[PDB]
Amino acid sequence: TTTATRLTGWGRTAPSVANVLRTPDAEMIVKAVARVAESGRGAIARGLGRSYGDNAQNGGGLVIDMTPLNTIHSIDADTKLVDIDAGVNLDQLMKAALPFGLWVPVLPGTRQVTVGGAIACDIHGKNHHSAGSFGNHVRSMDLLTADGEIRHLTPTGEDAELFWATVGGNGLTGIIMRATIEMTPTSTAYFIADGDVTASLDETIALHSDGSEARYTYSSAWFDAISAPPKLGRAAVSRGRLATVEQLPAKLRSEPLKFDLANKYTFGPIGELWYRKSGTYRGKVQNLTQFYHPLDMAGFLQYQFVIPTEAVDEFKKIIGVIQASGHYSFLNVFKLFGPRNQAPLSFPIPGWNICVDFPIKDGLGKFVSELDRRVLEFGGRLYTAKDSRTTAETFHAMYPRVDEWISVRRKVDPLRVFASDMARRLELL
């Protein structure tokens, strides 16, 4: 079913109309690409549309919806390998793999993302400093390339260059049809978590520098970006690891792999004490929602960037520029990222990662451009999955291996068959 449809990112801006093919037939998808390879607005895959930007739309072009390709082919507990269609979402995968004592190795902050989208944006999670990003756990993928052929890529094979170009490649090397992922063994669906509350930016940084991070596989913090210094950058830090069966309480040991406001006090000293109490704890047993999606149970601009580890002073500065700006962000996530991977367009690098969420109002666009500049000057970068407004020139300087990447893309799609709004804006075409 080919249908002219109006598509936007999760942020619901920069709308664009395209011919949306939605089919469960992989043979239909190979033909639509062959067709597009004849006649020149190109094609692009789309997952669940959870990316905020314009990387999954192609104005006046073809957009292939991959979510009907959602078959899990096999799960093997001994090898820890799952073999799945690209349109399988990580929530679906999570529930399918638990009974085998397997855990999805990298989870983002929403489980409604496809494997293809997980690979194409090379997503990260609370465990990046211990496990890397999603691409590090893919052992193979089958990629529908511009020549109508389906190539079988692996991280260390002869096609390693193309594999790593596809990881974080935002769909611009072809369609990931199928992949094999190595899962993390687990005896439990639960976490054991430690909580800590800091009073300032310099404490937060101290906590993340003292060596405690190495004792936790998962870590992230809620972060104050409004309150002026000294309060600026105080945080609720939440850290932990998957629980073993031995560490669960009686009630949960029979089904260990299961899954199924303001008052007058709030802003005074009693609230400060209460919040400090609630956010301080040791060895709390917690399920996925409680630990990983604590938010559970349009008109905003999402902005995420990472600054190199060494440039700690420069990070403090950027955070100060944000609270002084008049633009207030209430929901902020902070994390120290670990080592990077071989993918040239992969976002994560070791250093200070922060996500902020600004209300759309007058002055924002021009303030965010100036932020881009500070982020660039300080050796950091923005995340494509959260962006629709940065310039090609900024992007290119932020990702110095883009040229290396462009070369790989030139060989595999010399006719520019795969294209998107983002590719044209960021001049990756």
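One-based numbering along the sequence shown. By rigid core we mean the largest C-alpha set that fits within 1.5 Å across both forms.
> Quick check: by Cα RMS after rigid core superposition, does 272-280 or 173-181 differ more from this form in 9 other deposited structures of this protein?
Larger mean C-alpha displacement, comparing 272-280 and 173-181 in 9 other deposited structures of this protein, is found in 272-280.
> Other compared entries: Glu158 unbuilt in at least a third?
no, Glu158 modelled in all other entries.
> Looking at the other compared entries that model residues on both sides of it, is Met297 unmodelled in at least a third of them?
That residue is missing from at least a third of the other compared entries.
> How many residues that are in the deposited sequence but not in the model lie between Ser39 and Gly40: none, 1 to 3, 4 to 9, or 10 or more?
The entry has a short gap there, with 1 to 3 residues left out between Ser39 and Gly40.
> Which class fits the unmodelled deposited stretch between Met297 and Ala298: none, 1 to 3, 4 to 9, or 10 or more?
10 or more residues lack coordinates between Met297 and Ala298.
> Looking at the deposited entry, does 120-128 or 216-224 carry the larger mean Cα B-factor?
Stretch with the greater average CA B-factor: 216-224.
> Using only the Cα atoms and their B-factors as the entry lists them, report which of 196-204 and 103-111 averages higher.
Higher of the two, by average CA B-factor, is 196-204.
> Sort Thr309, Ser187, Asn89, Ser254 by C-alpha B-factor from the entry and give me just the highest.
Checking the PDB record, the top C-alpha B-factor among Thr309, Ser187, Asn89, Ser254 is at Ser254.
> Out of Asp142, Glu182, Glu149, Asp83, which residue has the highest Cα temperature factor in the PDB record?
Answer, based on the entry's C-alpha B-factors: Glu149.
> Using only modelled residues of the chain, where does the Cα B factor of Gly60 rank: lowest third, middle third or highest third?
Highest third of the chain for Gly60's C-alpha B-factor.
> Among the chain's modelled residues, which third holds the C-alpha B-factor of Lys231?
It falls in the top third of the chain.
> Which third of the chain does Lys386 land in by C-alpha B-factor: lowest, middle or highest?
Answer is middle: the recorded C-alpha B-factor places it there.
> Using the B-factors in the PDB entry, rank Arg35's C-alpha atom against the chain and give the third, lowest, middle or highest.
Answer is highest: the recorded C-alpha B-factor places it there.
> Taking the chain's C-alpha temperature factors as the reference, tell me which third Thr166 falls into: lowest, middle or highest.
Tercile = lowest for this residue's CA B-factor.
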